[PDB]
file work-v7.pdb (PDB, C-alpha atoms)
ATOM      1  CA  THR A 933     116.052 124.530  84.433  1.00  0.00           C
ATOM      2  CA  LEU A 934     117.123 121.129  83.150  1.00  0.00           C
ATOM      3  CA  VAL A 935     117.258 119.433  86.543  1.00  0.00           C
ATOM      4  CA  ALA A 936     113.752 120.691  87.376  1.00  0.00           C
ATOM      5  CA  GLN A 937     112.361 118.688  84.454  1.00  0.00           C
ATOM      6  CA  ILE A 938     113.502 115.297  85.739  1.00  0.00           C
ATOM      7  CA  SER A 939     113.386 115.974  89.473  1.00  0.00           C
ATOM      8  CA  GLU A 940     110.663 117.549  91.591  1.00  0.00           C
ATOM      9  CA  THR A 941     111.214 121.064  92.924  1.00  0.00           C
ATOM     10  CA  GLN A 942     109.083 124.081  93.701  1.00  0.00           C
ATOM     11  CA  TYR A 943     110.920 126.207  91.108  1.00  0.00           C
ATOM     12  CA  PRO A 944     108.398 126.870  88.319  1.00  0.00           C
ATOM     13  CA  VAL A 945     109.602 126.396  84.819  1.00  0.00           C
ATOM     14  CA  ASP A 946     106.643 125.621  82.717  1.00  0.00           C
ATOM     15  CA  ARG A 947     106.930 121.819  82.127  1.00  0.00           C
ATOM     16  CA  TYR A 948     107.719 121.799  78.438  1.00  0.00           C
ATOM     17  CA  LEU A 949     107.618 118.013  77.984  1.00  0.00           C
ATOM     18  CA  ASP A 950     105.773 115.594  80.247  1.00  0.00           C
ATOM     19  CA  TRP A 951     104.422 112.902  77.910  1.00  0.00           C
ATOM     20  CA  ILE A 952     107.919 111.387  77.808  1.00  0.00           C
ATOM     21  CA  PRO A 953     108.131 109.006  80.793  1.00  0.00           C
ATOM     22  CA  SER A 954     110.757 109.275  83.511  1.00  0.00           C
ATOM     23  CA  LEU A 955     111.262 108.745  87.231  1.00  0.00           C
ATOM     24  CA  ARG A 956     111.322 111.142  90.169  1.00  0.00           C
ATOM     25  CA  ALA A 957     115.104 111.221  90.371  1.00  0.00           C
ATOM     26  CA  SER A 958     117.027 111.316  93.629  1.00  0.00           C
ATOM     27  CA  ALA A 959     120.261 113.169  94.321  1.00  0.00           C
ATOM     28  CA  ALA A 960     122.620 110.560  92.881  1.00  0.00           C
ATOM     29  CA  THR A 961     120.712 110.286  89.597  1.00  0.00           C
ATOM     30  CA  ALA A 962     120.403 114.070  89.361  1.00  0.00           C
ATOM     31  CA  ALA A 963     124.125 114.496  90.050  1.00  0.00           C
ATOM     32  CA  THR A 964     125.039 111.997  87.342  1.00  0.00           C
ATOM     33  CA  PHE A 965     122.767 113.893  84.941  1.00  0.00           C
ATOM     34  CA  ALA A 966     124.208 117.258  85.972  1.00  0.00           C
ATOM     35  CA  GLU A 967     127.732 115.943  85.376  1.00  0.00           C
ATOM     36  CA  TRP A 968     126.886 115.281  81.724  1.00  0.00           C
ATOM     37  CA  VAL A 969     125.288 118.736  81.520  1.00  0.00           C
ATOM     38  CA  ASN A 970     128.587 120.101  82.866  1.00  0.00           C
ATOM     39  CA  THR A 971     130.948 118.174  80.618  1.00  0.00           C
ATOM     40  CA  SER A 972     129.020 118.857  77.411  1.00  0.00           C
ATOM     41  CA  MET A 973     129.339 122.616  77.934  1.00  0.00           C
ATOM     42  CA  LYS A 974     133.009 122.300  78.907  1.00  0.00           C
ATOM     43  CA  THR A 975     133.726 120.131  75.842  1.00  0.00           C
ATOM     44  CA  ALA A 976     132.013 122.569  73.496  1.00  0.00           C
ATOM     45  CA  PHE A 977     133.362 125.832  74.890  1.00  0.00           C
ATOM     46  CA  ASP A 978     136.883 124.324  75.267  1.00  0.00           C
ATOM     47  CA  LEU A 979     137.597 124.743  78.956  1.00  0.00           C
ATOM     48  CA  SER A 980     139.805 122.664  81.216  1.00  0.00           C
ATOM     49  CA  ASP A 981     139.428 124.293  84.625  1.00  0.00           C
TER      50      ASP A 981
ATOM     51  CA  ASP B1080      97.982  93.099  89.998  1.00  0.00           C
ATOM     52  CA  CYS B1081      97.602  90.412  87.347  1.00  0.00           C
ATOM     53  CA  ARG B1082      97.634  86.848  88.646  1.00  0.00           C
ATOM     54  CA  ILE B1083      97.343  83.955  86.208  1.00  0.00           C
ATOM     55  CA  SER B1084      95.546  80.719  87.074  1.00  0.00           C
ATOM     56  CA  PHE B1085      95.729  77.774  84.695  1.00  0.00           C
ATOM     57  CA  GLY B1086      92.413  76.230  83.764  1.00  0.00           C
ATOM     58  CA  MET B1087      91.952  72.774  85.246  1.00  0.00           C
ATOM     59  CA  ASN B1088      90.676  69.753  83.280  1.00  0.00           C
ATOM     60  CA  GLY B1089      90.134  71.697  80.072  1.00  0.00           C
ATOM     61  CA  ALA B1090      89.127  75.083  81.451  1.00  0.00           C
ATOM     62  CA  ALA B1091      90.521  78.247  79.974  1.00  0.00           C
ATOM     63  CA  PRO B1092      93.352  79.934  81.902  1.00  0.00           C
ATOM     64  CA  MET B1093      92.411  83.234  83.495  1.00  0.00           C
ATOM     65  CA  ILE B1094      94.003  86.521  84.586  1.00  0.00           C
ATOM     66  CA  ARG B1095      92.787  89.146  87.057  1.00  0.00           C
ATOM     67  CA  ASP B1096      91.125  92.422  86.039  1.00  0.00           C
ATOM     68  CA  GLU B1097      91.806  95.615  87.983  1.00  0.00           C
ATOM     69  CA  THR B1098      88.248  95.387  89.316  1.00  0.00           C
ATOM     70  CA  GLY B1099      88.612  91.829  90.592  1.00  0.00           C
ATOM     71  CA  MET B1100      87.086  89.606  87.937  1.00  0.00           C
ATOM     72  CA  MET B1101      89.101  86.826  86.304  1.00  0.00           C
ATOM     73  CA  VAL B1102      88.988  86.970  82.501  1.00  0.00           C
ATOM     74  CA  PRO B1103      90.055  84.414  79.844  1.00  0.00           C
ATOM     75  CA  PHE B1104      92.775  85.059  77.252  1.00  0.00           C
ATOM     76  CA  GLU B1105      90.604  86.761  74.618  1.00  0.00           C
ATOM     77  CA  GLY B1106      89.523  90.236  73.609  1.00  0.00           C
ATOM     78  CA  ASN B1107      91.006  93.726  73.895  1.00  0.00           C
ATOM     79  CA  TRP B1108      93.304  94.544  76.820  1.00  0.00           C
ATOM     80  CA  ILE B1109      95.329  97.523  78.049  1.00  0.00           C
ATOM     81  CA  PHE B1110      98.757  97.215  79.689  1.00  0.00           C
ATOM     82  CA  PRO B1111     101.246  99.592  81.122  1.00  0.00           C
ATOM     83  CA  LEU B1112     104.673  98.466  80.020  1.00  0.00           C
ATOM     84  CA  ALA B1113     105.679  98.038  83.678  1.00  0.00           C
ATOM     85  CA  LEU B1114     103.534  94.872  83.857  1.00  0.00           C
ATOM     86  CA  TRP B1115     105.488  93.168  81.077  1.00  0.00           C
ATOM     87  CA  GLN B1116     108.774  94.563  82.352  1.00  0.00           C
ATOM     88  CA  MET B1117     108.017  92.961  85.720  1.00  0.00           C
ATOM     89  CA  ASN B1118     107.102  89.667  84.061  1.00  0.00           C
ATOM     90  CA  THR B1119     109.033  89.398  80.800  1.00  0.00           C
ATOM     91  CA  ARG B1120     109.635  85.632  80.935  1.00  0.00           C
ATOM     92  CA  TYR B1121     106.486  84.387  82.633  1.00  0.00           C
ATOM     93  CA  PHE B1122     104.203  86.186  80.196  1.00  0.00           C
ATOM     94  CA  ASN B1123     106.092  84.941  77.134  1.00  0.00           C
ATOM     95  CA  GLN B1124     105.264  81.373  78.131  1.00  0.00           C
ATOM     96  CA  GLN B1125     101.623  82.326  78.654  1.00  0.00           C
ATOM     97  CA  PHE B1126     100.637  84.693  75.877  1.00  0.00           C
ATOM     98  CA  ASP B1127     102.783  84.042  72.792  1.00  0.00           C
ATOM     99  CA  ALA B1128     100.684  81.085  71.683  1.00  0.00           C
ATOM    100  CA  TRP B1129      97.538  83.203  72.038  1.00  0.00           C
ATOM    101  CA  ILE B1130      98.759  86.343  70.269  1.00  0.00           C
ATOM    102  CA  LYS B1131     100.146  84.499  67.249  1.00  0.00           C
ATOM    103  CA  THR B1132      97.238  82.279  66.195  1.00  0.00           C
ATOM    104  CA  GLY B1133      94.459  83.118  68.667  1.00  0.00           C
ATOM    105  CA  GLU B1134      92.433  86.294  69.155  1.00  0.00           C
ATOM    106  CA  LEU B1135      94.146  88.619  71.623  1.00  0.00           C
ATOM    107  CA  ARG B1136      94.833  92.343  71.303  1.00  0.00           C
ATOM    108  CA  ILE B1137      97.164  94.004  73.804  1.00  0.00           C
ATOM    109  CA  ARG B1138      97.637  97.779  73.859  1.00  0.00           C
ATOM    110  CA  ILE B1139     100.840  98.454  75.809  1.00  0.00           C
ATOM    111  CA  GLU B1140     100.760 102.039  77.117  1.00  0.00           C
ATOM    112  CA  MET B1141     104.169 103.654  76.790  1.00  0.00           C
ATOM    113  CA  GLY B1142     104.054 107.354  75.951  1.00  0.00           C
ATOM    114  CA  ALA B1143     107.399 107.372  74.141  1.00  0.00           C
ATOM    115  CA  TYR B1144     109.344 104.754  72.200  1.00  0.00           C
ATOM    116  CA  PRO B1145     112.147 104.709  69.624  1.00  0.00           C
ATOM    117  CA  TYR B1146     111.265 102.864  66.447  1.00  0.00           C
ATOM    118  CA  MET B1147     113.131 101.003  63.714  1.00  0.00           C
ATOM    119  CA  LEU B1148     111.033 100.353  60.623  1.00  0.00           C
ATOM    120  CA  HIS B1149     111.546  97.696  57.946  1.00  0.00           C
ATOM    121  CA  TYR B1150     110.050  97.822  54.475  1.00  0.00           C
ATOM    122  CA  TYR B1151     108.590  94.951  52.491  1.00  0.00           C
ATOM    123  CA  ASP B1152     107.677  94.308  48.893  1.00  0.00           C
ATOM    124  CA  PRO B1153     103.845  94.328  48.839  1.00  0.00           C
ATOM    125  CA  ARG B1154     103.721  91.815  45.963  1.00  0.00           C
ATOM    126  CA  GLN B1155     105.266  89.131  48.206  1.00  0.00           C
ATOM    127  CA  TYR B1156     104.395  87.281  51.385  1.00  0.00           C
ATOM    128  CA  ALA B1157     105.266  88.949  54.677  1.00  0.00           C
ATOM    129  CA  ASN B1158     105.050  87.644  58.242  1.00  0.00           C
ATOM    130  CA  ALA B1159     106.252  89.744  61.164  1.00  0.00           C
ATOM    131  CA  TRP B1160     106.236  87.143  63.943  1.00  0.00           C
ATOM    132  CA  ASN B1161     110.006  86.667  63.735  1.00  0.00           C
ATOM    133  CA  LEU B1162     110.382  90.405  64.459  1.00  0.00           C
ATOM    134  CA  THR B1163     107.535  90.825  66.957  1.00  0.00           C
ATOM    135  CA  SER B1164     108.488  87.814  69.076  1.00  0.00           C
ATOM    136  CA  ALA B1165     112.136  88.866  68.822  1.00  0.00           C
ATOM    137  CA  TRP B1166     111.180  92.188  70.380  1.00  0.00           C
ATOM    138  CA  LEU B1167     108.943  90.599  73.028  1.00  0.00           C
ATOM    139  CA  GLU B1168     111.614  88.137  74.145  1.00  0.00           C
ATOM    140  CA  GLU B1169     114.185  90.914  74.476  1.00  0.00           C
ATOM    141  CA  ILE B1170     112.367  93.651  76.384  1.00  0.00           C
ATOM    142  CA  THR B1171     113.827  93.133  79.819  1.00  0.00           C
ATOM    143  CA  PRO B1172     113.529  94.509  83.422  1.00  0.00           C
ATOM    144  CA  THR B1173     116.021  97.284  82.636  1.00  0.00           C
ATOM    145  CA  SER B1174     115.878  98.178  78.951  1.00  0.00           C
ATOM    146  CA  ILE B1175     113.862  98.037  75.714  1.00  0.00           C
ATOM    147  CA  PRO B1176     114.992  97.498  72.106  1.00  0.00           C
ATOM    148  CA  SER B1177     113.481  99.685  69.407  1.00  0.00           C
TER     149      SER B1177
ATOM    150  CA  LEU C 247     142.316  98.510 141.857  1.00  0.00           C
ATOM    151  CA  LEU C 248     145.206 100.544 140.456  1.00  0.00           C
ATOM    152  CA  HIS C 249     144.105  99.844 136.868  1.00  0.00           C
ATOM    153  CA  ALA C 250     140.923  98.042 135.809  1.00  0.00           C
ATOM    154  CA  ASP C 251     139.701  96.948 132.394  1.00  0.00           C
ATOM    155  CA  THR C 252     137.292  98.879 130.215  1.00  0.00           C
ATOM    156  CA  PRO C 253     134.086  97.548 128.632  1.00  0.00           C
ATOM    157  CA  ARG C 254     133.058  97.690 124.982  1.00  0.00           C
ATOM    158  CA  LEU C 255     129.946  99.849 124.916  1.00  0.00           C
ATOM    159  CA  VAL C 256     129.825 101.112 121.320  1.00  0.00           C
ATOM    160  CA  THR C 257     129.461  98.272 118.810  1.00  0.00           C
ATOM    161  CA  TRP C 258     127.973  98.674 115.346  1.00  0.00           C
ATOM    162  CA  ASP C 259     125.797  96.368 113.250  1.00  0.00           C
ATOM    163  CA  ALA C 260     125.658  96.737 109.477  1.00  0.00           C
ATOM    164  CA  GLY C 261     123.388  93.805 108.644  1.00  0.00           C
ATOM    165  CA  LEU C 262     119.638  93.794 109.008  1.00  0.00           C
ATOM    166  CA  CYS C 263     118.503  93.516 112.621  1.00  0.00           C
ATOM    167  CA  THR C 264     116.656  90.257 113.147  1.00  0.00           C
ATOM    168  CA  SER C 265     116.869  87.083 115.158  1.00  0.00           C
ATOM    169  CA  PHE C 266     114.068  84.922 113.710  1.00  0.00           C
ATOM    170  CA  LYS C 267     114.945  83.144 110.473  1.00  0.00           C
ATOM    171  CA  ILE C 268     112.713  80.962 108.305  1.00  0.00           C
ATOM    172  CA  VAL C 269     114.005  77.455 107.563  1.00  0.00           C
ATOM    173  CA  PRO C 270     112.569  75.055 104.947  1.00  0.00           C
ATOM    174  CA  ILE C 271     111.879  71.654 106.466  1.00  0.00           C
ATOM    175  CA  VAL C 272     110.726  69.255 103.741  1.00  0.00           C
ATOM    176  CA  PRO C 273     111.151  69.872  99.982  1.00  0.00           C
ATOM    177  CA  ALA C 274     108.390  70.904  97.592  1.00  0.00           C
ATOM    178  CA  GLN C 275     106.863  68.778  94.824  1.00  0.00           C
ATOM    179  CA  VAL C 276     107.651  70.984  91.846  1.00  0.00           C
ATOM    180  CA  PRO C 277     107.769  68.192  89.189  1.00  0.00           C
ATOM    181  CA  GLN C 278     104.273  66.786  89.587  1.00  0.00           C
ATOM    182  CA  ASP C 279     101.459  65.309  87.533  1.00  0.00           C
ATOM    183  CA  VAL C 280      98.636  67.762  88.189  1.00  0.00           C
ATOM    184  CA  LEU C 281     100.163  71.150  87.438  1.00  0.00           C
ATOM    185  CA  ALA C 282     102.720  71.598  84.709  1.00  0.00           C
ATOM    186  CA  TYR C 283     106.190  72.778  85.637  1.00  0.00           C
ATOM    187  CA  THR C 284     105.542  76.206  84.097  1.00  0.00           C
ATOM    188  CA  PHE C 285     103.203  77.403  86.843  1.00  0.00           C
ATOM    189  CA  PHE C 286     105.884  77.563  89.511  1.00  0.00           C
ATOM    190  CA  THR C 287     108.136  80.585  89.909  1.00  0.00           C
ATOM    191  CA  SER C 288     110.926  78.190  90.908  1.00  0.00           C
ATOM    192  CA  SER C 289     111.152  77.087  87.269  1.00  0.00           C
ATOM    193  CA  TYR C 290     112.313  80.570  86.227  1.00  0.00           C
ATOM    194  CA  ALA C 291     114.830  81.111  89.084  1.00  0.00           C
ATOM    195  CA  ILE C 292     112.817  84.074  90.361  1.00  0.00           C
ATOM    196  CA  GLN C 293     114.191  84.932  93.787  1.00  0.00           C
ATOM    197  CA  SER C 294     111.449  84.959  96.414  1.00  0.00           C
ATOM    198  CA  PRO C 295     111.528  86.249 100.014  1.00  0.00           C
TER     199      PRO C 295
ATOM    200  CA  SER D 345     122.300  60.303 128.558  1.00  0.00           C
ATOM    201  CA  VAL D 346     123.666  62.415 125.729  1.00  0.00           C
ATOM    202  CA  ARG D 347     120.103  63.371 124.748  1.00  0.00           C
ATOM    203  CA  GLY D 348     118.529  63.622 128.206  1.00  0.00           C
ATOM    204  CA  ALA D 349     117.716  66.664 130.310  1.00  0.00           C
ATOM    205  CA  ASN D 350     116.448  67.138 133.840  1.00  0.00           C
ATOM    206  CA  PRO D 351     112.851  68.448 133.934  1.00  0.00           C
ATOM    207  CA  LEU D 352     113.625  70.275 137.176  1.00  0.00           C
ATOM    208  CA  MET D 353     116.185  72.451 135.346  1.00  0.00           C
ATOM    209  CA  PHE D 354     113.931  73.810 132.607  1.00  0.00           C
ATOM    210  CA  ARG D 355     113.325  77.236 134.155  1.00  0.00           C
ATOM    211  CA  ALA D 356     117.030  77.707 134.869  1.00  0.00           C
ATOM    212  CA  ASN D 357     117.901  76.778 131.288  1.00  0.00           C
ATOM    213  CA  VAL D 358     115.152  79.024 129.902  1.00  0.00           C
ATOM    214  CA  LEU D 359     116.458  82.016 131.871  1.00  0.00           C
ATOM    215  CA  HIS D 360     119.939  80.967 130.689  1.00  0.00           C
ATOM    216  CA  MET D 361     118.678  81.161 127.090  1.00  0.00           C
ATOM    217  CA  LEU D 362     116.915  84.502 127.612  1.00  0.00           C
ATOM    218  CA  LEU D 363     119.988  86.099 129.205  1.00  0.00           C
ATOM    219  CA  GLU D 364     122.163  84.958 126.292  1.00  0.00           C
ATOM    220  CA  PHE D 365     119.503  86.211 123.872  1.00  0.00           C
ATOM    221  CA  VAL D 366     119.456  89.678 125.416  1.00  0.00           C
ATOM    222  CA  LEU D 367     123.246  89.920 125.821  1.00  0.00           C
ATOM    223  CA  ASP D 368     123.743  88.977 122.176  1.00  0.00           C
ATOM    224  CA  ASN D 369     121.579  91.737 120.691  1.00  0.00           C
ATOM    225  CA  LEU D 370     123.414  94.715 122.204  1.00  0.00           C
ATOM    226  CA  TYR D 371     124.557  96.628 119.143  1.00  0.00           C
ATOM    227  CA  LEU D 372     123.755  99.876 117.378  1.00  0.00           C
ATOM    228  CA  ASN D 373     122.187 100.077 113.942  1.00  0.00           C
ATOM    229  CA  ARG D 374     124.697 101.489 111.462  1.00  0.00           C
ATOM    230  CA  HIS D 375     123.970 103.609 108.398  1.00  0.00           C
ATOM    231  CA  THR D 376     125.222 102.215 105.093  1.00  0.00           C
ATOM    232  CA  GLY D 377     124.952 103.244 101.466  1.00  0.00           C
ATOM    233  CA  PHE D 378     121.782 103.579  99.412  1.00  0.00           C
ATOM    234  CA  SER D 379     120.900 103.210  95.743  1.00  0.00           C
ATOM    235  CA  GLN D 380     118.102 104.361  93.456  1.00  0.00           C
ATOM    236  CA  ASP D 381     115.829 101.711  91.941  1.00  0.00           C
ATOM    237  CA  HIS D 382     116.231 101.651  88.169  1.00  0.00           C
ATOM    238  CA  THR D 383     113.863  98.691  87.765  1.00  0.00           C
ATOM    239  CA  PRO D 384     110.146  99.576  87.574  1.00  0.00           C
ATOM    240  CA  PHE D 385     109.157  97.421  90.559  1.00  0.00           C
ATOM    241  CA  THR D 386     109.052 100.130  93.191  1.00  0.00           C
ATOM    242  CA  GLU D 387     108.166 103.669  92.144  1.00  0.00           C
ATOM    243  CA  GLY D 388     111.686 104.982  92.581  1.00  0.00           C
ATOM    244  CA  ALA D 389     112.504 103.749  96.068  1.00  0.00           C
ATOM    245  CA  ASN D 390     115.787 104.166  97.930  1.00  0.00           C
ATOM    246  CA  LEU D 391     117.126 100.656  98.503  1.00  0.00           C
ATOM    247  CA  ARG D 392     120.039  99.924 100.823  1.00  0.00           C
ATOM    248  CA  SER D 393     123.152  97.882 100.147  1.00  0.00           C
TER     249      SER D 393
END
call {"tool": "encode", "arguments": {"input": "work-v7.pdb", "output": "structure tokens"}}
result
Amino acid sequence: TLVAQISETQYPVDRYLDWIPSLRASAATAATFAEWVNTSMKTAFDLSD
Amino acid sequence: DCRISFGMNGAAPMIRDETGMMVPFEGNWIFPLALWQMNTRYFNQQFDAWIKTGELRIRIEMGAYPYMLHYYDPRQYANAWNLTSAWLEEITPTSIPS
Amino acid sequence: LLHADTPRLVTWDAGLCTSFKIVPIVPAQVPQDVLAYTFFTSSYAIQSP
Amino acid sequence: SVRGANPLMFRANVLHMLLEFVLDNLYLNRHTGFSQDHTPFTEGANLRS
């Protein structure tokens, strides 16, 4: 759901903020973003694996 | 597409409209921020003398921007050029200060 | 005839494929009387193609 | 003459030059890495290193 806001896909989730400007991100930018989305959840739920 | 021609022999310098007309440095304009962010040093040499004491209004379309606000005593003198020009000299091809 | 050499068929090129470069012949008159030195993009070290 | 050339050898030297020019450009174009444009110049292009 979060990568579909900054990238372009055909998966419909409802476009909850569009007035904030961004770029049509490619795979490297989306992977860097998804790594932070990963490590925030790992840091909060206290996982290591 | 904004190309700037200096006025020769006392003419006013001009800049290109999106339609195709050249216009002088007066009035009310509308920018995307990408124009300035392309030309952040060329436009400072051209426009900062006209914004400060002349008659030029520029509306820079952004959508979103973080802000830092200063307060002033309204019983005193207050001039915001040393903040405005400090912002305009620092917004750069990658980033933007608040 | 018992053992001959082998040719080098596969060879890779990583740079941009061209053979026609553009050479400057004379210099340009950037400090001049008529226009000020602020018109030229060479005064700001803007890289041009 | 160090700087002289026979005018009856011009076609032989031109075909000399063309054969060297064709034999030099026998390579294969190689894929290298890419990078997303963070500057606002292009509208999110994929530029190559």
call {"tool": "resolve_selection", "arguments": {"input": "work-v7.pdb", "expression": "the PyMOL selection byres ((chain D and resi 369) around 10)", "output": "PyMOL selection string"}}
result
(chain C and resi 259+263-265) or (chain D and resi 364-368+370-372)
call {"tool": "closest_atom_pairs", "arguments": {"input": "work-v7.pdb", "of": "chain B", "to": "chain A", "cutoff": "9 Å", "atoms": "all atoms listed in the file", "output": "CSV"}}
result
residue,atom,partner,partner_atom,distance
B:1141,CA,A:953,CA,7.8
B:1142,CA,A:952,CA,5.9
B:1143,CA,A:952,CA,5.5
B:1144,CA,A:952,CA,8.8
call {"tool": "atom_distance", "arguments": {"input": "work-v7.pdb", "atom1": "atom CA of residue A:967", "atom2": "atom CA of residue B:1172"}}
result
25.8 Å
call {"tool": "residues_around", "arguments": {"input": "work-v7.pdb", "residues": "stretch 377-392 of chain D", "least_positions_apart": "2", "cutoff": "10 Å", "atoms": "all atoms listed in the file", "output": "list in words"}}
result
residues 955, 956, 957, 958, 959, 960 and 961 of chain A; 1112, 1113, 1114, 1116, 1117, 1171, 1172, 1173 and 1174 of chain B; 375 of chain D
call {"tool": "residues_around", "arguments": {"input": "work-v7.pdb", "residues": "residue C:276", "least_positions_apart": "6", "cutoff": "10 Å", "atoms": "all atoms listed in the file", "output": "list in words"}}
result
residues 282, 283, 284, 285, 286, 287, 288 and 289 of chain C
call {"tool": "residues_around", "arguments": {"input": "work-v7.pdb", "residues": "residue A:946", "least_positions_apart": "4", "cutoff": "10 Å", "atoms": "all atoms listed in the file", "output": "list in words"}}
result
residues 933, 936 and 937 of chain A
call {"tool": "interface_residues", "arguments": {"input": "work-v7.pdb", "of": "chain C", "to": "chain D", "cutoff": "7 Å", "atoms": "all atoms listed in the file", "output": "ChimeraX atom specification"}}
result
/C:257-260
call {"tool": "atom_distance", "arguments": {"input": "work-v7.pdb", "atom1": "atom CA of residue A:948", "atom2": "atom CA of residue B:1140"}}
result
21.0 Å
call {"tool": "closest_residue", "arguments": {"input": "work-v7.pdb", "among": "B:1106, B:1149, B:1100, B:1115", "to": "chain D", "atoms": "all atoms listed in the file"}}
result
B:1115
call {"tool": "atom_distance", "arguments": {"input": "work-v7.pdb", "atom1": "atom CA of residue B:1092", "atom2": "atom CA of residue B:1107"}}
result
16.1 Å
call {"tool": "residues_around", "arguments": {"input": "work-v7.pdb", "residues": "residue B:1081", "least_positions_apart": "2", "cutoff": "7 Å", "atoms": "only C-alpha atoms", "output": "list in words"}}
result
residues 1083, 1094, 1095 and 1096 of chain B
call {"tool": "closest_residue", "arguments": {"input": "work-v7.pdb", "among": "C:290, C:247, C:295, C:267", "to": "chain B", "atoms": "only C-alpha atoms"}}
result
C:290
call {"tool": "closest_atom_pairs", "arguments": {"input": "work-v7.pdb", "of": "chain B", "to": "chain C", "cutoff": "8 Å", "atoms": "only C-alpha atoms", "output": "JSON lines"}}
result
{"residue": "B:1085", "atom": "CA", "partner": "C:285", "partner_atom": "CA", "distance": 7.8}
{"residue": "B:1120", "atom": "CA", "partner": "C:290", "partner_atom": "CA", "distance": 7.8}
{"residue": "B:1121", "atom": "CA", "partner": "C:290", "partner_atom": "CA", "distance": 7.8}
{"residue": "B:1124", "atom": "CA", "partner": "C:284", "partner_atom": "CA", "distance": 7.9}
call {"tool": "axis_aligned_box", "arguments": {"input": "work-v7.pdb", "around": "stretch 944-952 of chain A", "padding_each_side": "6 Å", "output": "lines of an AutoDock Vina configuration file"}}
result
center_x = 107.0
center_y = 119.1
center_z = 83.1
size_x = 17.2
size_y = 27.5
size_z = 22.5
call {"tool": "decode", "arguments": {"input": "work-v7.pdb", "residues": "stretch 365-387 of chain D", "atoms": "C-alpha atoms", "output": "CSV table (one decimal), in the first residue's frame"}}
result
chain,number,residue,atom,x,y,z
D,365,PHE,CA,37.9,3.0,-39.9
D,366,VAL,CA,35.8,-0.1,-40.3
D,367,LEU,CA,38.2,-2.5,-38.7
D,368,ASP,CA,38.4,-0.2,-35.6
D,369,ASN,CA,34.7,-0.1,-34.9
D,370,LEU,CA,34.2,-3.9,-34.5
D,371,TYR,CA,32.9,-4.1,-30.9
D,372,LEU,CA,29.7,-4.9,-29.1
D,373,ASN,CA,27.8,-2.4,-27.0
D,374,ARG,CA,27.9,-3.4,-23.3
D,375,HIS,CA,25.3,-2.8,-20.7
D,376,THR,CA,26.4,-0.8,-17.6
D,377,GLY,CA,24.7,0.5,-14.5
D,378,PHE,CA,21.9,3.1,-14.4
D,379,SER,CA,20.8,5.7,-11.9
D,380,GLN,CA,17.6,7.6,-11.2
D,381,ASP,CA,17.6,11.4,-11.8
D,382,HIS,CA,17.1,13.2,-8.5
D,383,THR,CA,17.5,16.6,-10.1
D,384,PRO,CA,14.3,18.1,-11.6
D,385,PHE,CA,15.8,18.5,-15.1
D,386,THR,CA,14.4,15.4,-16.7
D,387,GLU,CA,11.1,14.0,-15.4
